[PDB]
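Student: Using the deposited numbering, read the sequence shown as starting at 393 and increasing by one per residue.
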Amino acid sequence: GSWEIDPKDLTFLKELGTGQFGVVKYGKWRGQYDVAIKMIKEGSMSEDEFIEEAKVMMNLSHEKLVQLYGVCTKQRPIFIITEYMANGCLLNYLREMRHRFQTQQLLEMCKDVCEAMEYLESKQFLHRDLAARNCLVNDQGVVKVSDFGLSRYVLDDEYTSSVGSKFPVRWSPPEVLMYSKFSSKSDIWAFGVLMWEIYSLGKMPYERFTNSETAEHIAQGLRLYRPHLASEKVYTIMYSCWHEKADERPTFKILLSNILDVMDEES
Ligand SMILES: CC(C)(C)c1ccc(C(=O)NCc2ccc(-c3ncnc4[nH]ccc34)cc2)cc1
Numbered sequence: 393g394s395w396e397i398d399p400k401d402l403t404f405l406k407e408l409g410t411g412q413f414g415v416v417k418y419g420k421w422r423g424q425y426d427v428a429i430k431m432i433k434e435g436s437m438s439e440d441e442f443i444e445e446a447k448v449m450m451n452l453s454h455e456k457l458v459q460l461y462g463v464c465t466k467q468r469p470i471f472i473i474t475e476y477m478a479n480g481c482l483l484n485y486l487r488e489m490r491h492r493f494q495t496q497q498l499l500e501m502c503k504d505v506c507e508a509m510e511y512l513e514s515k516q517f518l519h520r521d522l523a524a525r526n527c528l529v530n531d532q533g534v535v536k537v538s539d540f541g542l543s544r545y546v547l548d549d550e551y552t553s554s555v556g557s558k559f560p561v562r563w564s565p566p567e568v569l570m571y572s573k574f575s576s577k578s579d580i581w582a583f584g585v586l587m588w589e590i591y592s593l594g595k596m597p598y599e600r601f602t603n604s605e606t607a608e609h610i611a612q613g614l615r616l617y618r619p620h621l622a623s624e625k626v627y628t629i630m631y632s633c634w635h636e637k638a639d640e641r642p643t644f645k646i647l648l649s650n651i652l653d654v655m656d657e658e659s
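1) Is there at least one non-hydrogen atom of ligand 1 closer than 8 Å to the beta-carbon of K503?
2) Mind the definition here: the stretch 425 to 443 touches the stretch 468 to 480 only if three or more C-beta pairs lie below 8 Å; say whether that holds.
3) So what does DSSP say about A607, is it helix, strand or coil?
4) Using 10 angstroms around the beta-carbon of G584, count the other beta-carbons present and answer buried if the total reaches 16, otherwise exposed.
5) Give the straight-line distance between the Cα atoms of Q532 and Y631, rounded to the nearest whole angstrom.
6) Taking 8 Å as the cut-off, is the C-beta of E550 nearer than that to any heavy atom in ligand 1?
7) Along the chain, where does the alpha helix (DSSP H) that runs through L621 open and close?
8) To the nearest angstrom, report how far apart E608 and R600 are at their CA atoms.
9) State the start and end residues of the unbroken alpha helix (DSSP H) segment that holds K645.
10) Exposed or buried, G419, counting other C-beta atoms within 10 Å across all chains shown (16 or more means buried)?
11) Is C481 near ligand 1, with its Cβ less than 8 Å from a heavy atom?
12) Between the C-alpha atoms of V416 and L408, what's the straight-line distance to the nearest angstrom?
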């Protein structure tokens, strides 16, 4: 099958990290091309369902989405083969103060993500866990969105339950926390939090609160406030993502227009 990579074509070279599905390694495909290789730990994934969806994800192709190259499914553990991103996860990248980012670079990271999410929205495809930890950075400083949709195949109830200890409370709108109502507009809410992460250089949202306290405050209408590095116009964009009413939040196409307008006005 066109989605199937022969694992004998992989050369494993370095460890990259560990996530919800286990260890991820850096390697080469056919001795030449850089790849990341997720080694799916036994019992962590609804594997048959993922394999069917892998066909759909294969045809999601955008310059700002981390590309799915294929899967290795004829052995266990199965492998997911993706685009390699030399500079790793966006969250850690933001927290490296040596970069001494200009605010123009921060806005370009937001635009990179927003372009990927506009593409996903045009395909009616939800990320479901958009956040700085699920964005990666390549050798040119381009940010790309990673592991989109994969939350549907996580078997860990601590991650999937809204009261679960691993659930992304701090990236979730009130209707998700209250009713598990997921939609394009919960992706929009999370994108606003991601913009805040970027302009806060990777601070934890609601950093002095627990998850339980965050959920209560968000329901009462509390919001994140303006990062020091965000202009008023940039703050207006991220804040528009957090309307209590989901139908009042923008689309990613509107967010992209707004971000491009601010790039013109500030640079
Ligand atoms: C819950 C959810 C959203 C479904 C989910 C979230 C994360 C993971 C995951 O696998 N996280 C670990 C991880 C991911 C990517 C890379 C990586 N990929 C490419 N190039 C790279 N360069 C440096 C690192 C690196 C490394 C490690 C799985 C699932």
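In this text, a Cβ means the ideal position worked out from N, Cα and C, and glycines have one as well.
Tutor: Well, looking at it:
1) Translated into positions along the sequence shown, residue 503 becomes position 111. Answer for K503: no, Cβ out of range of ligand 1.
2) yes
3) The sequence position of residue 607 within the sequence shown is 215, counting from 1. If DSSP states are grouped into helix, strand and coil, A607 belongs with the helices.
4) Reading the sequence shown from its first residue, position 192 is the one you call residue 584. When all chains shown are included, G584 counts as buried.
5) Walking along the sequence shown from the start, residue 532 turns up at place 140. Walking along the sequence shown from the start, residue 631 turns up at place 239. When rounded, the distance between both Cα atoms is 29 Å.
6) In the sequence shown, counting from the first residue as 1, residue 550 sits at position 158. No, Cβ of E550 sits at least 8 Å from all heavy atoms of ligand 1.
7) Along the sequence shown, one-based indexing puts residue 621 at 229. First-last for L621: undefined, no H or E at that position.
8) Within the sequence shown, the letter at position 216 stands for residue 608. Within the sequence shown, the letter at position 208 stands for residue 600. The straight-line gap from Cα to Cα measures roughly 14 Å.
9) The residue given as residue 645 occupies position 253 in the sequence shown. Run containing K645: 644 to 658, per the alpha helix (DSSP H) assignment.
10) Residue mapping note: residue 419 aligns to position 27 of the sequence shown, counting from 1. Counting Cβ neighbours within 10 Å, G419 comes out buried, since at least 16 surround it.
11) Here residue 481 is taken as the residue at index 89 of the sequence shown, counted from 1. Because some heavy atom of ligand 1 lies under 8 Å away, the Cβ of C481 counts as near it: yes.
12) What you label residue 416 is simply residue 24 of the sequence shown in a count that begins at 1. What you label residue 408 is simply residue 16 of the sequence shown in a count that begins at 1. Rounded to the nearest angstrom, the two C-alpha atoms are 5 Å apart.
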